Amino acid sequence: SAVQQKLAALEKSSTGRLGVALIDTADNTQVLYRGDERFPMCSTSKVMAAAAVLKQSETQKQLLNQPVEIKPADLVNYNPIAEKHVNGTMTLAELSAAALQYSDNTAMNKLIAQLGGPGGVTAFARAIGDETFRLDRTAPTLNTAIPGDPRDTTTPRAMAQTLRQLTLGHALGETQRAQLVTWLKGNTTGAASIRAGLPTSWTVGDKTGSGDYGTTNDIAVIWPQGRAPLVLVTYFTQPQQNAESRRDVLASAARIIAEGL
């Protein structure tokens, strides 16, 4: 397709490896670029952990209101919210919001721990039919993004399908699904990524990620005007370990999609 050709041109010009999956829910068509290759998720994996905790809350009724102690040993590399509550508590709802909306890595580790470790996050993915996602490490090391390493990876196609099931489909109960969508719409870290390639009148929920190798990721549910919602995954990684982040490349991928489909 013409969109695939433009994504290939974008990838070649940008000097990296680009993975894109678009689902258009108006007609369930899919546009993929390297859609079945594995990419490091980086912090985009926080969506799966938050969703798995919401799933737990369907049977543990007010689990989201439970206080969780934040201890010094919990702090990692980037903890903009949790660092204000060390030797205190945050609820699981507060940890989920911090993880999703600020990409707080300590908050993510509390979610992972609440699920029984990275294997528990992966088990949730399997339970909703995602056979591709794998979470193998906690924060911060899940973001190393070393080429050739299959840990903490998924494919664009699998992640787009899962994000659709979580936000638009039936993987979560109605209250939980609404809560996930509210959290994603409130993300603070995505203004330069997929959102920057879309008209400002469209509504977006997204979760970013970044890591070594200039890895720059974003996954989004988009509610345009005038048409049904879209699900878009954009993953990008580069050959040099200390390559600079390219959020603008993701914005350009989103613009190609939003103009071409």
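Residue numbers run from 1 along the displayed sequence.
Just going by the entry, 174-182 versus 85-93 on mean CA temperature factor gives the higher value to 85-93. Note on 152-160 vs 73-81: mean CA B-factor is higher in 73-81. Between the residues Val231, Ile194, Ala52, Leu63, it is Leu63 that shows the highest Cα B-factor in the PDB record. Of the candidates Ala21, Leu18, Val249, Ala9, the PDB record gives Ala9 the highest C-alpha temperature factor. When the modelled residues of the chain are ordered by their C-alpha B factor, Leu166 lands in the lowest third. In the deposited entry, the Cα temperature factor of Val204 places it in the middle third of its chain's modelled residues. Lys46: CA B factor lies in the lowest third for its chain, per the PDB record. Among the modelled residues of its chain, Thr138 has a C-alpha B-factor that falls in the highest third according to the deposited record.
Sort the chain's modelled residues by C-alpha temperature factor and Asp36 lands in the middle third, per the entry.
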